[PDB]
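One structure below.
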Amino acid sequence: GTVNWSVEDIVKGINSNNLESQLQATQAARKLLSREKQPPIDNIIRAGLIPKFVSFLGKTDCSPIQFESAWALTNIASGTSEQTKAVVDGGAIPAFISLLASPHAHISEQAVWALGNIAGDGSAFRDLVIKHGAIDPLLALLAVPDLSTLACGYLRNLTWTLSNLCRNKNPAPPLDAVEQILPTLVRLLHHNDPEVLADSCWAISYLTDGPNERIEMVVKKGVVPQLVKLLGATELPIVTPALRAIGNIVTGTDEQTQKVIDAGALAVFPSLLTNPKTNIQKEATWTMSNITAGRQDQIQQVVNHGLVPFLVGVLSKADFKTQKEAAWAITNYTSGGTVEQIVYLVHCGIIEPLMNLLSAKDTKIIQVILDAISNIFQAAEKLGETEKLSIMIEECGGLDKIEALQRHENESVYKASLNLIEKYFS
Ligand SMILES: CC(=O)N[C@H](CCCCN)C(=O)N[C@@H](CN[C@H](C(=O)N[C@H](Cc1ccccc1)C(N)=O)[C@H](C)O)COCc1cccnc1
Ligand SMILES: CC(=O)N[C@H](CCCCN)C(=O)N[C@@H](CN[C@H](C(=O)N[C@H](Cc1ccccc1)C(N)=O)[C@H](C)O)COCc1cccnc1
């Protein structure tokens, strides 16, 4: 019936002076826009149909045409930024917000989905959705005593949309909107459905991706223990944003970082640092590099949790981007650690994999590694053991790699390797 219409026939029907004819053609548009291979969005837009769809959103007397036009606009707003913009320019934002409280659940769900698509386009439209007042009615849809009585797709829909209201930067979302949304996010983070949990963790990762004041308003809600729990989930779609969020938080203050350690996060890291998914192992090592940039008593907890051999592990064999993160973790460790903490690091076998990485062509890692070697030599200086260190480095073939760094030229690299060869190695 309404299958595979041309855009011309859709236009003929929608332009008619007959509500049923308009409904039939709007449904035909919805089906065109719902096909998987190349839905003709630009053709629909060029025909001038967006304003008609938007006016149909307000037809309270005809809920099927509200539903059909809502679904059509949702699929257009899902497209390119230019196409999302056409939807906004047609006036759809307040028309959708008015539909959030519809007695028909399928229409309210459309409005949630479409507003998520619009907010999901970027910072300006996110902020414009907030200004038109979407947050209060969005949160009101979740005001039940037990989230478990809501339909599954329905709850995942609202969670996805809320996380888009948290998502982008330059600027980050308004402080007031964040504070308004956070309590609901905390509740969702405790819901038993893997998609809601994943989406909730993504939202938290967005909110922690900024300056320390932003991280603080999240940590103040008490979510770090729950995030650490999700960090140990079996589902990779949960683990990935939980680790992102956790990694964002330890970019903050030493006190914010200590909350992560206090919650038991370090115990999960033997698994994460050997995880078969490359990006999980990369972000775990990145996370370690920021914990080793903390206080000496925080470095010490890394020691007590047995994590230094795992750092030697990743430095020895990992994807190259992961190894670079491990190199950073080692330079931070040696820059902040005690003499004794540095000696332990050498006892675990850090020198050889460190030296082997001087063969890498990436200039910035070579800098980082040379810095680390310097910090370790300063430890041997206080113990009067520079010579034993030089012998270790020489025998594993490190000296040749440092020698060769001089024919290499970066102003700092060529330099740093000189100093080392003059100061030690006679
Ligand atoms: C971060 C983000 O959301 N990014 C973009 C938004 C585009 C902006 C570009 N300028 C995005 O991927 N959006 C949506 C697009 N929905 C498209 C769509 O057709 N959705 C329809 C709409 C719908 C909704 C409710 C009931 C029935 C139908 C669907 N669920 O069948 C998909 C890909 O077909 C895929 O679904 C994601 C989503 C959005 C809102 C709520 N839940 C899920
Ligand atoms: C040694 C030191 O001073 N570290 C401080 C944090 C100390 C917190 C103590 N608890 C530091 O800046 N550590 C890392 C984190 N870099 C951050 C970073 O990479 N952020 C983004 C995400 C982000 C952005 C803003 C805040 C929080 C998180 C990312 N995932 O790429 C921002 C861009 O600076 C950057 O430096 C390590 C590094 C450099 C290059 C490559 N890998 C790791």
Side-chain angles (χ1 to χ4, degrees), residues 30 33-36 39 41 67-68 70-88 105-122 124-126 138 153-169 172 195 199 202-203 205-215 218 243-261 279 282-283 285-295 298-299 321-333 335-336 362 364-365 367-368 371:
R30 177 265 288 184
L33 292 168
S34 291
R35 81 180 186 206
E36 23 186 26
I41 295 169
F67 169 74
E68 296 293 350
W71 189 346
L73 286 167
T74 294
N75 280 10
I76 301 171
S78 76
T80 63
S81 293
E82 180 184 84
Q83 292 162 350
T84 304
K85 182 180 181 298
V87 170
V88 173
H106 285 146
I107 291 180
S108 169
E109 194 172 357
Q110 284 295 348
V112 172
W113 201 292
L115 291 167
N117 277 350
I118 295 175
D121 180 71
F125 281 164
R126 176 200 69 212
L138 282 169
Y154 186 89
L155 189 51
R156 294 163 189 178
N157 190 24
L158 284 149
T159 309
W160 184 291
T161 285
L162 284 178
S163 84
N164 272 1
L165 294 174
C166 297
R167 182 158 180 169
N168 283 278
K169 284 193 294 176
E195 259 180 82
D199 289 351
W202 279 114
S205 79
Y206 302 150
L207 297 178
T208 53
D209 189 348
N212 297 346
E213 319 81 71
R214 294 270 170 173
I215 294 167
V218 173
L243 180 64
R244 174 77 53 106
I246 289 295
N248 285 342
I249 295 169
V250 305
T251 66
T253 67
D254 297 333
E255 296 78 9
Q256 288 164 340
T257 305
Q258 190 62 38
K259 301 282 253 306
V260 167
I261 293 164
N279 283 346
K282 192 216 295 161
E283 303 208 40
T285 306
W286 166 64
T287 298
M288 291 306 302
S289 82
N290 280 312
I291 299 178
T292 60
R295 326 180 204 112
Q298 284 172 338
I299 292 170
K321 317 208 98 161
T322 301
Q323 287 182 300
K324 197 181 163 150
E325 298 291 341
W328 270 106
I330 296 308
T331 299
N332 291 340
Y333 180 112
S335 161
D362 184 294
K364 190 43 177 265
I365 197 183
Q367 229 163 315
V368 164
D371 271 291

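Values reported hereafter were calculated over all heavy atoms of this structure, with side chains retained and with hydrogens, waters and symmetry mates removed. Indexing begins at 1, ligand by ligand and atom by atom, following the structure's order. Note that the numbering runs from 1 along the sequence shown for the chain.
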Next on the checklist: Closer than 3.5 angstrom, by distance alone: can the side chain of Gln298 be matched with the main-chain N or O of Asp254 as a donor-acceptor pair?
Outcome noted: yes
Checklist entry - What about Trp160: any of its N or O atoms under 3.5 Å from an N or O on ligand 1? => result yes
Checklist entry - So is there a nitrogen or oxygen of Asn117 less than 3.5 Å from a nitrogen or oxygen in ligand 1? => result yes
For ligand 2, what N or O to protein N or O distances fall under 3.5 Å?
{"from": "ligand 2", "atom 1": "10 (N)", "to": "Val250", "atom 2": "O", "distance (Å)": "2.8"}
{"from": "ligand 2", "atom 1": "10 (N)", "to": "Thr257", "atom 2": "OG1", "distance (Å)": "2.7"}
{"from": "ligand 2", "atom 1": "10 (N)", "to": "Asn290", "atom 2": "O", "distance (Å)": "3.4"}
{"from": "ligand 2", "atom 1": "13 (N)", "to": "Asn290", "atom 2": "OD1", "distance (Å)": "2.6"}
{"from": "ligand 2", "atom 1": "42 (N)", "to": "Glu325", "atom 2": "OE1", "distance (Å)": "3.0"}
{"from": "ligand 2", "atom 1": "42 (N)", "to": "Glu325", "atom 2": "OE2", "distance (Å)": "3.2"}

Next on the checklist: Tell me the contacting part of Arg167 for ligand 1: side chain, backbone, both, or neither, using a 4.0 Å heavy-atom threshold, strictly below.
Outcome noted: side chain
Checklist entry - At their closest point, which heavy atom of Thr257 faces which heavy atom of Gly252, and how far apart are they? => result OG1-O, 4.2 Å
Checklist entry - Sub-3.5 Å donor-acceptor pair from the side chain of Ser163 to the main-chain atoms of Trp160, do we have one? => result yes
Checklist entry - Heavy atom under 4.0 Å from ligand 1: found in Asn164's side chain, backbone, both, or neither? => result side chain
Checklist entry - Counting distance only, does the side-chain N/O of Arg126 pair as donor-acceptor with the main-chain N or O of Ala172 below 3.5 Å? => result yes
Item to check | Residues in side chain to side chain donor-acceptor pair (under 3.5 Å) contact with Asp362, at least two apart in sequence or another chain | outcome: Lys324
Next on the checklist: Suppose I only count heavy atoms of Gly79 and a 4.0 Å limit; which atoms of ligand 1 are within that range?
Outcome noted: 9 (C), 10 (N)
Checklist entry - What do you reckon, does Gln110 have a nitrogen or oxygen under 3.5 Å from a nitrogen or oxygen of ligand 1? => result no
Next on the checklist: Looking at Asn332, is its backbone amide N or carbonyl O close enough to the side chain of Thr292 to form a donor-acceptor pair, meaning the two atoms are under 3.5 Å apart?
Outcome noted: no
Checklist entry - Quick one: does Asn157's side chain have a donor or acceptor within less than 3.5 Å of a partner on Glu109's backbone? => result yes
Checklist entry - Which residues satisfy the side chain to side chain donor-acceptor pair (under 3.5 Å) test with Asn212, sequence neighbours excluded? => result none
Checklist entry - Would you say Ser289's side chain and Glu325's backbone share a donor-acceptor pair under 3.5 angstrom? => result no
Checklist entry - Hey, which atoms in ligand 1 end up nearer than 4.0 Å to a heavy atom of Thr74? => result 22 (C)
List the atom pairs, with distances to 0.1 Å, where a side-chain N or O of residues 244-251 and a protein N or O form a donor-acceptor pair under 3.5 Å, not counting sequence neighbours.
{"from": "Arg244", "atom 1": "NE", "to": "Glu283", "atom 2": "OE1", "distance (Å)": "2.9"}
{"from": "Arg244", "atom 1": "NH2", "to": "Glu283", "atom 2": "OE2", "distance (Å)": "3.0"}
{"from": "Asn248", "atom 1": "ND2", "to": "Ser205", "atom 2": "O", "distance (Å)": "2.9"}
{"from": "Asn248", "atom 1": "ND2", "to": "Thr208", "atom 2": "OG1", "distance (Å)": "3.2"}
{"from": "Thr251", "atom 1": "OG1", "to": "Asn248", "atom 2": "O", "distance (Å)": "2.5"}

Next on the checklist: Quick check on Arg156 - does any of its heavy atoms sit under 4.0 Å from an atom of ligand 1?
Outcome noted: no
Checklist entry - Is the closest heavy atom of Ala114 to ligand 1 under 4.0 Å? => result no
Checklist entry - Short list, please: which atoms of ligand 1 are under 4.0 Å from a heavy atom of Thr84? => result 9 (C), 10 (N)
Next on the checklist: Show, in sequence, the C-alpha distance, side-chain angles and deciding distance for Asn117 and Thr84, and conclude whether the side chain to side chain contact (heavy atoms under 4.5 Å, CB included) test is met.
Outcome noted: CA-CA 8 Å; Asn117 277 350; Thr84 304; 5.9 Å; no
